[PDB]
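Everything below concerns the one structure shown next.
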Amino acid sequence: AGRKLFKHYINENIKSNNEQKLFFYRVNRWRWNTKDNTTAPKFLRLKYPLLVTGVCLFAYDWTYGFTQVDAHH
Amino acid sequence: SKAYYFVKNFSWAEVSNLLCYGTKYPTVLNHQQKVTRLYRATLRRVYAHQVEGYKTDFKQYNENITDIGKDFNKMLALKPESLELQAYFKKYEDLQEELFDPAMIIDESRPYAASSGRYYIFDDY
Amino acid sequence: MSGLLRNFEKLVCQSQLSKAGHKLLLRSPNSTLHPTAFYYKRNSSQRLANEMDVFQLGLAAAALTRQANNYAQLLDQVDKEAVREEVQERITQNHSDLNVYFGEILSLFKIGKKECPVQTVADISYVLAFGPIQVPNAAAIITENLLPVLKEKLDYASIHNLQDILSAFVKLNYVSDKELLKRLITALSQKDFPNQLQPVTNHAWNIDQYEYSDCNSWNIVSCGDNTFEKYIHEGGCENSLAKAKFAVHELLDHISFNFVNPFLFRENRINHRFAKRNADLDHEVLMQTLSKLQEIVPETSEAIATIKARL
Amino acid sequence: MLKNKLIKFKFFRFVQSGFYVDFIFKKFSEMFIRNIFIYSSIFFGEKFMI
Amino acid sequence: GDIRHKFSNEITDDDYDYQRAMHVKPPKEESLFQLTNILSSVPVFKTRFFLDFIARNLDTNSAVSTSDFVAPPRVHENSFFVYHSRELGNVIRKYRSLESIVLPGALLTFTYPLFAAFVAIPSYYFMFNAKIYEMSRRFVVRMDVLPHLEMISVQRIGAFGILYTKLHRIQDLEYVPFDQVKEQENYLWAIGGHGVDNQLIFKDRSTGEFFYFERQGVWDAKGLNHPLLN
Amino acid sequence: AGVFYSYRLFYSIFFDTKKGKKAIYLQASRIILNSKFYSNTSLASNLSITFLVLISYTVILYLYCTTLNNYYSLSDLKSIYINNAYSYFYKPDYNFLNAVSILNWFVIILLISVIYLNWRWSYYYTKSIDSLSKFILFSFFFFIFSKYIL
Amino acid sequence: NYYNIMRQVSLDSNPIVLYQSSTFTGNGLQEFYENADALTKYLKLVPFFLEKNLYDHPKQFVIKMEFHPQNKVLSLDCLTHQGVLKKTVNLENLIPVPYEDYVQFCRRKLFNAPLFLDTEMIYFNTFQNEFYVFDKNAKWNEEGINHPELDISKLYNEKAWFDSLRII
Amino acid sequence: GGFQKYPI
Amino acid sequence: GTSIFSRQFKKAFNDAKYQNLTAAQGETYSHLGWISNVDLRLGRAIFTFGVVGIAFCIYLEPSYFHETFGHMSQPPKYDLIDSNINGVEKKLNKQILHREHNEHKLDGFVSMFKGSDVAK
Ligand SMILES: CCCCCCCCCCCCCCCCCC(=O)OC[C@H](COP(=O)([O-])OCC(O)COP(=O)([O-])OC[C@@H](COC(=O)CCCCCCCCCCCCCCCCC)OC(=O)CCCCCCCCCCCCCCCCC)OC(=O)CCCCCCCCCCCCCCCCC
Ligand SMILES: CCCCCCCCCCCCCCCCCC(=O)OC[C@H](COP(=O)([O-])OCC(O)COP(=O)([O-])OC[C@@H](COC(=O)CCCCCCCCCCCCCCCCC)OC(=O)CCCCCCCCCCCCCCCCC)OC(=O)CCCCCCCCCCCCCCCCC
Ligand SMILES: CCCCCCCCCCCCCCCCCC(=O)OC[C@H](COP(=O)([O-])OCC(O)COP(=O)([O-])OC[C@@H](COC(=O)CCCCCCCCCCCCCCCCC)OC(=O)CCCCCCCCCCCCCCCCC)OC(=O)CCCCCCCCCCCCCCCCC
Ligand SMILES: CCCCCCCCCCCCCCCCCC(=O)OC[C@H](COP(=O)([O-])OCC[N+](C)(C)C)OC(=O)CCCCCCCCCCCCCCCCC
Ligand SMILES: CCCCCCCCCCCCCCCCCC(=O)OC[C@H](COP(=O)([O-])OCC[N+](C)(C)C)OC(=O)CCCCCCCCCCCCCCCCC
Ligand SMILES: CCCCCCCCCCCCCCCCCC(=O)OC[C@H](COP(=O)([O-])OCC[N+](C)(C)C)OC(=O)CCCCCCCCCCCCCCCCC
Ligand SMILES: CCCCCCCCCCCCCCCCCC(=O)OC[C@H](COP(=O)([O-])OCC[N+](C)(C)C)OC(=O)CCCCCCCCCCCCCCCCC
Ligand SMILES: CCCCCCCCCCCCCCCC(=O)OC[C@H](COP(=O)(O)O)OC(=O)CCCCCCCCCCCCCCC
């Protein structure tokens, strides 16, 4: 009954978004290239480093691991 | 721009005038020059804080620049001797002051910037 | 959705949800879809008309009338006088509140504020018919105030509202508008009943995923159990165990309304316990109204038969 | 806590500027330099006393 | 533009293959130890036992959405739905459900429950309350309209993931511009308001309660165009 | 305070969204530069940094063995003031052992904040909250199994 | 601000087939099991389904795609670890995405993909926030795809195609 | 990297 | 003329979604197609060294874990020497060993408490 509500304000928001200029989007498109950026967990891979770590720990266990004393607390 | 805001013992009013408009005496400027320079300064500062900033949000940047552009279009339409235009100028000067950042990035292509005069070029004489 | 060593035969497939008119009903915990007790203010610092609307006053009046009728049934079916004194006192309080609320409603209608939802028409009709207070001319006020609103918003009418409107019209002999009565009958016949509706409940922390279930969900926000009815039926004031149980129930209700609903669920409107509608009483009233309508309007016999079949 | 003033750029730049300690010290040092090395020493000292 | 081929000792894509772990390129060949190669080679996985285990013991296709139009079950026999939240609602439900397992489990397992509570209190008051909890309290899981009452039923997630529905009159709904609340609740919108729409906030004037709608939420065209809401 | 500056420096320099001038990236992304010699730094610089890190690790380990080991083998410091501080390094008591946990958990909460806290809208907001919930619940269950169920 | 408003579309009478995978051409997961190529491709996709489930990567391997021009809706038959499912998509909600965008949408390092997963032809439903991946060994209906309703001149939107999905 | 060379 | 689902148009869009429109055609690409080989090798080597160091810290110095999460259940560790003897001999010897262990713990406690005055 002539009351401003969800539909009215959704249309208002759509109009506000449409009023934006595509010039800024066009000039900045290059920034968010997926081929050029990734995440820190993806870049820092621990697969083979953990394998080398396991080798080193195994060597320690079978060389100096025997000569250790249990410390219960 | 000479980028000498923090040198030569500028007062706060002079520094604010330099940031908003290229000149230290905006009264000499005409209406179009004032509006265009203030719009450029506002866009530059918004880009510095919401594009090249800390965890910047590009959607918020777009919305903010759109609102600023509409406001500055209205300002340009308005007559020079209008309290509404004066209020707009005060609002955006306050925004510039709010976004003022000590140690803000100064491009190396401007005078008085870091690395501006690291080398002395020898003349043909 | 996701499971291990499990079968999802009882899960509701997304195909039905994608389809339209799938006849699925949702039963969720702590669901309060009826606004009774929202606008029931025992003490008013000012005139109720100033603060509340006709819709709110009608909801309160209908709730009070139903509670008073239930307590009158308790009086009829109870024998011991000492236990009957409490029932009489509660009935007197309900009658006083109903009188003040209905006086405010009449004053508002006289003033000229009449726009209200369909449930307001239903509640005013159910207060005029089956209500303690008597008005010199109920038909005139129904015609002047409620009739145009009912004609305009009959489509929005619910099953309960249609049943109440038909029952009130039969009781008051307000059957002058045969076309309107036929319109109400056909609307009720077209409506969809809980027998056809298929209840479902949320599945495994998933709002989107639903499972068929025939078990009602717990509702601490508004409990439909009639603790007072149970207390009167079993023992009473004389019975120490019944008195202790009723005291515990009243203390729990007070604690809820005063601390749980505001702090938890952020709701302060509910402050009084109104028992849920009696299914047996509703069924009997509907059957009687349909029987009366069969004689009153011969051409609606098929509609009444279909309504009875769906029921 | 729904309203936090510490996330605002005013507090951010205050902390980033080292609490304005350098600015305050530089202003006081300028006062000392101007009063002692010019007005009191050169003019009052050399021009008047000497 | 590339001149690597002009030299015999220049690096090659075969030399760059080792960067595929840290660099995203479309697959070129399958190594002997890839999951796909292992599954397709080892005959054990071809056994009907393993195939049936895969078919049954995992996420079912029934819960998978099958269309861009959703008609959730009606809350009331006469109501019609308008808005519903898909993913953020489930995420909030699962987060608030932790209070039914972590909290009693923490009490019965931690050596110092008081220490845990003392650590949690300031954690809740800073960076957690405004981050998730207030947004969840004001979050709208579902919205339907009851026309006979001319009301709107809103479903919300409570403590421990409990779902409760409340009624609000359409005459008591108002639109609250984001400018009027941004300064009041800057922190809330700073760290937790991203999921919900900033410019589509409504509130009930009588009860002073807000309604946050998910950005990735489904709206019904018919529900929006219904005359009651217009 | 160390956590915040370390995180900000590392993340903003390397893994944040590209904020620098287009020239910085384009001048180095040209295909002509693709070569076995390609690098934006110096090989000598990389080797110098690597050797510095290795030698620093070795020297720090040597000093730790000299001082913090059960057998004290450091040379004389020519000071006659004994502080008794080594008592809480050799035989710490329950009070101090639990006191250190306060700072440990403060650092843990700060790490969680700098990692899972969102300041800008993203396509991964809901999935980030979900990942936080998964991490919390998995941490609880893993602790339960490690301490009691084994 | 883009809002997911639903239009309640329905299928038409005679659809036009646009995509048909040469493998999985049979009907039913039982037929896939009994067929040699289908079984091996299913085993190779098992990691794909694992990524779907545990890594919360919304994606679907699409086969036997049909188009309804009367209502402008695509009916997709998708293969999941449990069987074949039918889904409906509106052309207004479908946009193309690069393979790197598809990979970077998920924050977990995806398993090494098989060689029959067409990387060029990856599409994105914005309404469902989902990806559709087709099979390289497939047959495309040229006349079907050349339908007027599928033309970019009518389905093109710069803001939606280029700025809707910003993974960062 | 470094500055452009100029005559001395 | 062209329509979606066309391979050529799809490839063009995939390559041009994040292009630099201010650059000439054929050179309007923003991504880096590789990573410095020598730099990546050295970086991965040093990263592996750091990871190995962190793991050795975790293993040989669990003090942080002990004081941040508490002492977790220890995996079983015992010797099967007692299985050599069987019967009443085994029972009596096991009881004697248990008594000796308890007495040893008490002796350590009392010795620690008493020996406060050993150093004069
Ligand atoms: C780029 C990143 C930038 C950085 C981002 C950082 C993000 C985190 C930010 C927050 C981190 C903390 C920052 C520092 C605090 C900032 C405070 C602030 O700004 O508030 C301004 C705000 C006013 O401005 P505003 O515009 O309203 O601000 C908006 C609100 O913040 C809006 O609030 P709201 O409406 O949304 O509701 C929240 C409300 C409520 O929020 C809370 O309460 C938060 C939870 C507080 C937990 C505190 C735990 C402390 C640890 C020990 C106890 C652990 C529990 C143990 C078990 C229980 C106890 C046994 O907030 C508050 O009221 C203020 C927070 C509490 C500040 C307390 C500051 C210390 C007080 C003095 C020391 C007390 C400790 C013991 C001292 C012992 C002797 C040395 O409130 C204040 O005034 C601050 C407190 C002023 C204290 C004055 C001096 C004391 C007053 C007299 C006391 C007399 C006692 C007599 C006793 C007699 C006995 C016989
Ligand atoms: C040989 C046999 C084995 C030997 C023993 C070892 C066995 C275990 C090996 C475990 C190896 C590490 C595994 C990491 C997996 C990460 C991916 C994952 O699981 O995703 C699910 C989940 C993340 O989900 P999401 O969807 O990616 O997160 C949503 C974000 O919006 C997404 O973020 P965004 O993309 O928007 O960008 C923000 C970025 C922010 O990322 C960063 O800024 C750093 C990213 C580092 C990635 C990991 C590289 C390896 C470093 C750790 C090496 C292992 C240390 C020991 C770990 C176990 C200790 C008990 O976010 C992240 O990357 C968060 C995920 C990384 C979590 C692990 C962080 C470790 C370093 C601590 C924070 C350092 C802050 C200062 C900056 C560092 C440089 C100064 O991972 C988590 O569980 C997060 C936990 C976060 C709180 C951890 C607090 C731990 C406090 C107690 C332990 C303290 C000692 C350890 C730290 C000491 C200093 C280095
Ligand atoms: C009789 C047969 C019995 C068979 C028993 C098999 C038992 C299997 C148990 C598996 C338990 C779970 C393992 C999970 C691993 C992934 C964890 C993870 O990433 O989560 C964090 C994840 C985030 O991490 P993200 O990096 O983003 O993940 C990306 C992908 O995961 C992509 O991840 P990524 O590729 O970046 O790295 C993931 C990696 C993680 O791997 C590691 O970290 C382990 C590193 C090695 C440790 C070795 C220790 C033992 C040996 C010590 C050294 C001995 C030296 C001896 C002397 C040598 C002398 C030279 O996964 C593995 O563990 C791979 C297996 C290790 C293969 C190589 C082992 C060494 C072989 C011998 C040396 C030769 C190596 C190759 C050649 C090298 C060059 C010459 O957080 C999540 O969100 C997790 C969500 C849940 C995902 C679950 C997916 C799997 C679901 C499986 C369901 C059950 C299936 C049952 C089938 C049964 C059929 C019958
Ligand atoms: C100075 C005073 C200090 C006081 C400190 C107080 C600390 C203690 C606080 C106690 C909190 C109690 C929380 C109750 C949680 C339930 C609340 C509720 O109604 O939610 C219903 C919710 C929601 O109910 P619903 O009806 O909406 O739906 C049912 C559930 N779904 C949604 C899936 C359909 O249901 C649950 O969450 C059920 C939880 C059941 C299990 C609860 C105990 C789990 C932990 C067990 C002990 C730890 C593990 C031990 C392992 C041993 C292995 C050998
Ligand atoms: C008694 C009132 C109710 C208290 C409820 C409990 C607090 C609120 C819920 C906490 C849930 C998170 C529990 C994580 C348990 C991790 C393992 C552990 O150390 O447990 C034993 C320990 C305590 O067991 P304890 O007391 O036997 O340990 C010995 C004592 N200390 C450790 C001090 C030497 O757990 C904790 O210390 C928890 C501290 C409270 C955390 C409050 C929330 C902040 C963290 C956000 C959630 C994610 C944390 C991830 C941590 C990952 C590892 C660094
Ligand atoms: C005289 C005694 C000498 C003792 C030397 C002790 C060395 C101690 C090293 C401690 C760890 C420090 C690592 C520093 C960096 C070097 C490691 C590194 O960069 O790892 C990353 C690298 C790669 O990191 P990445 O993950 O970036 O690489 C992935 C790409 N590809 C697949 C190509 C590798 O890790 C590995 O390559 C894993 C190696 C695992 C196997 C380790 C043992 C190798 C043994 C070789 C000799 C065998 C002789 C056999 C003789 C038989 C005779 C019959
Ligand atoms: C240019 C190249 C130059 C040569 C390169 C050489 C590479 C580095 C070689 C390092 C060799 C020594 C390794 C020691 C490993 C740690 C030992 C330890 O925990 O000490 C326990 C010893 C045993 O002590 P304790 O048991 O007698 O008593 C300790 C006393 N309380 C109990 C009170 C603490 O403890 C200490 O002495 C204190 C050590 C504190 C520092 C812990 C550091 C942990 C990280 C180790 C990183 C190792 C380097 C990186 C990995 C290298 C892999 C090859
Ligand atoms: C001494 C207390 C020690 C800590 C106790 C923790 C109890 C946890 C269970 C709470 C159950 C009731 C919740 C009620 C919600 C509600 O509607 O709460 C409504 C209330 C009242 O409304 P207002 O305060 O906004 O006006 O809001 C509050 O802020 C007060 C209650 C706060 C309860 C917070 C519970 C979450 C704690 C999270 C700890 C940090 C994270 C831990 C890892 C995940």
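Ordering of the structure tokens sets the chain letters (A, B, ...); residue numbers start at 1 within each chain; ligands are numbered from 1 in the order shown.
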Residues of chain G within 10 Å of chain C: nearest atom pair and distance (Å, one decimal) for each, counting only C-alpha atoms, sorted by chain and number, as JSON lines?
```
{"residue": "G:8", "atom": "CA", "partner": "C:20", "partner_atom": "CA", "distance": 8.2}
{"residue": "G:9", "atom": "CA", "partner": "C:19", "partner_atom": "CA", "distance": 9.9}
{"residue": "G:10", "atom": "CA", "partner": "C:19", "partner_atom": "CA", "distance": 9.1}
{"residue": "G:53", "atom": "CA", "partner": "C:2", "partner_atom": "CA", "distance": 8.5}
{"residue": "G:86", "atom": "CA", "partner": "C:15", "partner_atom": "CA", "distance": 9.3}
{"residue": "G:87", "atom": "CA", "partner": "C:15", "partner_atom": "CA", "distance": 9.3}
{"residue": "G:88", "atom": "CA", "partner": "C:18", "partner_atom": "CA", "distance": 9.7}
```
Please save N, CA and C atoms of the selected residues as a PDB file, in the first residue's frame.
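Produced file selection_37.pdb, reproduced below:
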```
ATOM      1  N   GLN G   8      11.265 -18.758 -11.194  1.00  0.00           N
ATOM      2  CA  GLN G   8      10.366 -19.908 -11.279  1.00  0.00           C
ATOM      3  C   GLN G   8      10.164 -20.341 -12.733  1.00  0.00           C
ATOM      4  N   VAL G   9      11.253 -20.783 -13.345  1.00  0.00           N
ATOM      5  CA  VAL G   9      11.234 -21.211 -14.734  1.00  0.00           C
ATOM      6  C   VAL G   9      10.814 -22.675 -14.810  1.00  0.00           C
ATOM      7  N   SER G  10      10.419 -23.104 -16.008  1.00  0.00           N
ATOM      8  CA  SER G  10      10.019 -24.481 -16.258  1.00  0.00           C
ATOM      9  C   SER G  10      10.581 -24.925 -17.603  1.00  0.00           C
ATOM     10  N   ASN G  53      33.775 -32.948  -2.085  1.00  0.00           N
ATOM     11  CA  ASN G  53      33.223 -33.200  -0.758  1.00  0.00           C
ATOM     12  C   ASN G  53      34.055 -32.536   0.335  1.00  0.00           C
ATOM     13  N   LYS G  86      20.314 -34.644 -12.351  1.00  0.00           N
ATOM     14  CA  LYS G  86      19.796 -33.667 -13.298  1.00  0.00           C
ATOM     15  C   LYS G  86      19.690 -32.311 -12.616  1.00  0.00           C
ATOM     16  N   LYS G  87      20.207 -31.278 -13.276  1.00  0.00           N
ATOM     17  CA  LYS G  87      20.192 -29.922 -12.755  1.00  0.00           C
ATOM     18  C   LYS G  87      19.711 -28.974 -13.843  1.00  0.00           C
ATOM     19  N   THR G  88      19.121 -27.859 -13.422  1.00  0.00           N
ATOM     20  CA  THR G  88      18.629 -26.834 -14.331  1.00  0.00           C
ATOM     21  C   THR G  88      19.328 -25.516 -14.034  1.00  0.00           C
TER      22      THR G  88
END
```
Interface, chain A side, toward chain I (7 Å; only C-alpha atoms) as a PDB file with N, CA, C and O atoms, in the first residue's frame:
```
ATOM      1  N   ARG A  29      41.483  -4.060 -13.882  1.00  0.00           N
ATOM      2  CA  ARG A  29      41.271  -5.492 -14.088  1.00  0.00           C
ATOM      3  C   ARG A  29      42.552  -6.295 -13.902  1.00  0.00           C
ATOM      4  O   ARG A  29      42.525  -7.398 -13.347  1.00  0.00           O
ATOM      5  N   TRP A  30      43.686  -5.763 -14.360  1.00  0.00           N
ATOM      6  CA  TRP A  30      44.926  -6.527 -14.324  1.00  0.00           C
ATOM      7  C   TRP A  30      45.334  -6.916 -12.908  1.00  0.00           C
ATOM      8  O   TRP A  30      46.054  -7.904 -12.734  1.00  0.00           O
ATOM      9  N   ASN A  33      44.474 -10.687 -11.453  1.00  0.00           N
ATOM     10  CA  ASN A  33      44.714 -11.835 -12.313  1.00  0.00           C
ATOM     11  C   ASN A  33      44.981 -13.071 -11.465  1.00  0.00           C
ATOM     12  O   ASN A  33      45.824 -13.052 -10.565  1.00  0.00           O
ATOM     13  N   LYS A  35      46.186 -15.904 -12.657  1.00  0.00           N
ATOM     14  CA  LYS A  35      47.429 -16.511 -13.117  1.00  0.00           C
ATOM     15  C   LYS A  35      48.660 -15.940 -12.428  1.00  0.00           C
ATOM     16  O   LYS A  35      49.741 -16.524 -12.554  1.00  0.00           O
ATOM     17  N   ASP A  36      48.529 -14.825 -11.709  1.00  0.00           N
ATOM     18  CA  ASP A  36      49.678 -14.112 -11.177  1.00  0.00           C
ATOM     19  C   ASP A  36      49.754 -14.098  -9.656  1.00  0.00           C
ATOM     20  O   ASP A  36      50.797 -13.716  -9.116  1.00  0.00           O
ATOM     21  N   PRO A  49      59.859 -31.107   2.064  1.00  0.00           N
ATOM     22  CA  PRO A  49      60.548 -30.713   3.304  1.00  0.00           C
ATOM     23  C   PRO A  49      60.221 -31.617   4.477  1.00  0.00           C
ATOM     24  O   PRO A  49      61.109 -31.919   5.284  1.00  0.00           O
ATOM     25  N   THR A  53      62.693 -33.941   6.642  1.00  0.00           N
ATOM     26  CA  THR A  53      62.607 -33.910   8.097  1.00  0.00           C
ATOM     27  C   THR A  53      62.466 -35.314   8.667  1.00  0.00           C
ATOM     28  O   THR A  53      63.119 -35.659   9.656  1.00  0.00           O
TER      29      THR A  53
END
```
- Any idea which chain A residues end up within 10 Å of chain F if we count only C-alpha atoms, as a ChimeraX atom specification please? /A:28,30-33,36-41,43
Taking N, CA and C atoms for each residue, export the selection above as a PDB file, in the first residue's frame.
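Now in part-v2.pdb:
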```pdb
ATOM      1  N   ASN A  28      41.674  -1.309 -13.630  1.00  0.00           N
ATOM      2  CA  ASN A  28      42.197  -2.119 -12.536  1.00  0.00           C
ATOM      3  C   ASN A  28      42.061  -3.621 -12.761  1.00  0.00           C
ATOM      4  N   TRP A  30      43.686  -5.763 -14.360  1.00  0.00           N
ATOM      5  CA  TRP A  30      44.926  -6.527 -14.324  1.00  0.00           C
ATOM      6  C   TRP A  30      45.334  -6.916 -12.908  1.00  0.00           C
ATOM      7  N   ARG A  31      44.890  -6.168 -11.896  1.00  0.00           N
ATOM      8  CA  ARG A  31      45.389  -6.387 -10.542  1.00  0.00           C
ATOM      9  C   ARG A  31      45.029  -7.773 -10.025  1.00  0.00           C
ATOM     10  N   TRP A  32      43.807  -8.232 -10.294  1.00  0.00           N
ATOM     11  CA  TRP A  32      43.290  -9.460  -9.703  1.00  0.00           C
ATOM     12  C   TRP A  32      43.428 -10.659 -10.634  1.00  0.00           C
ATOM     13  N   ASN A  33      44.474 -10.687 -11.453  1.00  0.00           N
ATOM     14  CA  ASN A  33      44.714 -11.835 -12.313  1.00  0.00           C
ATOM     15  C   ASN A  33      44.981 -13.071 -11.465  1.00  0.00           C
ATOM     16  N   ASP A  36      48.529 -14.825 -11.709  1.00  0.00           N
ATOM     17  CA  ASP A  36      49.678 -14.112 -11.177  1.00  0.00           C
ATOM     18  C   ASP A  36      49.754 -14.098  -9.656  1.00  0.00           C
ATOM     19  N   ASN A  37      48.694 -14.489  -8.951  1.00  0.00           N
ATOM     20  CA  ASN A  37      48.682 -14.429  -7.495  1.00  0.00           C
ATOM     21  C   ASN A  37      48.105 -15.718  -6.924  1.00  0.00           C
ATOM     22  N   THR A  38      48.585 -16.090  -5.738  1.00  0.00           N
ATOM     23  CA  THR A  38      48.118 -17.281  -5.036  1.00  0.00           C
ATOM     24  C   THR A  38      48.088 -16.961  -3.545  1.00  0.00           C
ATOM     25  N   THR A  39      47.944 -17.995  -2.724  1.00  0.00           N
ATOM     26  CA  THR A  39      47.879 -17.856  -1.279  1.00  0.00           C
ATOM     27  C   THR A  39      49.131 -18.444  -0.640  1.00  0.00           C
ATOM     28  N   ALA A  40      49.431 -17.965   0.565  1.00  0.00           N
ATOM     29  CA  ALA A  40      50.617 -18.437   1.273  1.00  0.00           C
ATOM     30  C   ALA A  40      50.599 -19.938   1.527  1.00  0.00           C
ATOM     31  N   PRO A  41      49.499 -20.551   1.966  1.00  0.00           N
ATOM     32  CA  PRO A  41      49.506 -22.016   2.107  1.00  0.00           C
ATOM     33  C   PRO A  41      49.802 -22.736   0.805  1.00  0.00           C
ATOM     34  N   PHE A  43      51.651 -21.568  -1.728  1.00  0.00           N
ATOM     35  CA  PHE A  43      53.042 -21.365  -2.122  1.00  0.00           C
ATOM     36  C   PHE A  43      53.997 -22.141  -1.223  1.00  0.00           C
TER      37      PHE A  43
END
```
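Residues of protein, DNA or RNA having any atom at most 6 Å from ligand 5, counting only C-alpha atoms and all ligand atoms, are residues 102, 103, 106, 107, 110, 111, 112, 113, 114, 116, 117, 119 and 120 of chain E; 98, 101, 108, 109, 136, 139, 140 and 143 of chain F; 67, 68, 69 and 70 of chain I.
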Taking only C-alpha atoms and all ligand atoms and a cut-off of 9 Å, can you tell me which residues surround ligand 8, written as a short mmCIF file (atom, residue, chain, number, x, y, z; two decimals) with C-alpha atoms, in the first residue's frame?
```
data_model
loop_
_atom_site.label_atom_id
_atom_site.label_comp_id
_atom_site.auth_asym_id
_atom_site.auth_seq_id
_atom_site.Cartn_x
_atom_site.Cartn_y
_atom_site.Cartn_z
CA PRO C 262 14.38 -11.35 26.93
CA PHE C 263 17.94 -12.62 27.38
CA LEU C 264 17.49 -15.68 25.15
CA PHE C 265 15.57 -15.23 21.86
CA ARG C 266 15.24 -11.47 22.63
CA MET D 1 32.20 -4.44 22.06
CA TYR E 95 29.56 -22.45 14.50
CA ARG E 96 26.95 -21.94 17.22
CA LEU E 98 30.09 -25.82 18.95
CA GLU E 99 28.65 -24.51 22.23
CA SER E 100 27.00 -27.94 22.70
CA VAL E 102 33.29 -27.79 22.97
CA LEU E 103 31.85 -26.08 26.05
CA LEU E 114 38.50 -21.22 35.03
CA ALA E 116 39.82 -21.37 29.85
CA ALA E 117 36.92 -19.08 30.78
CA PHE E 118 39.25 -16.22 31.73
CA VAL E 119 40.99 -16.51 28.36
CA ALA E 120 37.68 -16.77 26.48
CA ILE E 121 35.99 -13.77 28.12
CA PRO E 122 38.28 -11.07 26.65
CA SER E 123 38.51 -13.09 23.44
CA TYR E 124 34.72 -12.94 23.18
CA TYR E 125 34.54 -9.24 23.99
CA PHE E 128 34.85 -12.56 18.47
CA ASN E 129 31.59 -10.98 19.65
CA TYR E 133 28.12 -13.53 17.41
CA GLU E 134 26.28 -10.22 17.01
CA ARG E 137 22.06 -12.78 16.44
CA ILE E 157 19.79 -18.95 15.14
CA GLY E 158 20.06 -18.90 18.92
CA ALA E 159 22.50 -20.19 21.49
CA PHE E 160 23.82 -23.69 20.79
CA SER F 133 34.91 -23.73 12.98
CA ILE F 136 38.41 -25.29 16.48
CA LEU F 137 36.46 -28.54 16.58
#
```
- Residue contacts of stretch 15-20 of chain A (8 Å, only C-alpha atoms) excluding same-chain residues fewer than 5 positions away, as number ranges by chain: B: 62-63, 66; G: 1
Quick one: write out the picked residues with N, CA and C atoms as a short mmCIF file (atom, residue, chain, number, x, y, z; two decimals), in the first residue's frame?
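Contents of part_38.cif, as written:
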```
data_model
loop_
_atom_site.label_atom_id
_atom_site.label_comp_id
_atom_site.auth_asym_id
_atom_site.auth_seq_id
_atom_site.Cartn_x
_atom_site.Cartn_y
_atom_site.Cartn_z
N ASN B 62 34.93 1.40 -5.05
CA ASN B 62 34.07 1.82 -6.16
C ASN B 62 32.89 2.64 -5.66
N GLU B 63 32.22 2.16 -4.61
CA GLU B 63 31.08 2.90 -4.08
C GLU B 63 31.49 4.29 -3.60
N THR B 66 32.28 6.62 -6.54
CA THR B 66 31.05 7.00 -7.23
C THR B 66 30.31 8.09 -6.47
N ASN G 1 25.40 -4.09 -5.99
CA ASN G 1 24.62 -5.07 -5.19
C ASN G 1 23.74 -5.91 -6.10
#
```
- Task: Select the residues contacting ligand 3 at a distance of at most 9 Å, based on only C-alpha atoms and all ligand atoms, then format the selection as number ranges by chain.
- Result: A: 41-42, 44-59; E: 21, 33, 44-45, 50; F: 131, 134; G: 47, 50-51, 53-56, 107-112
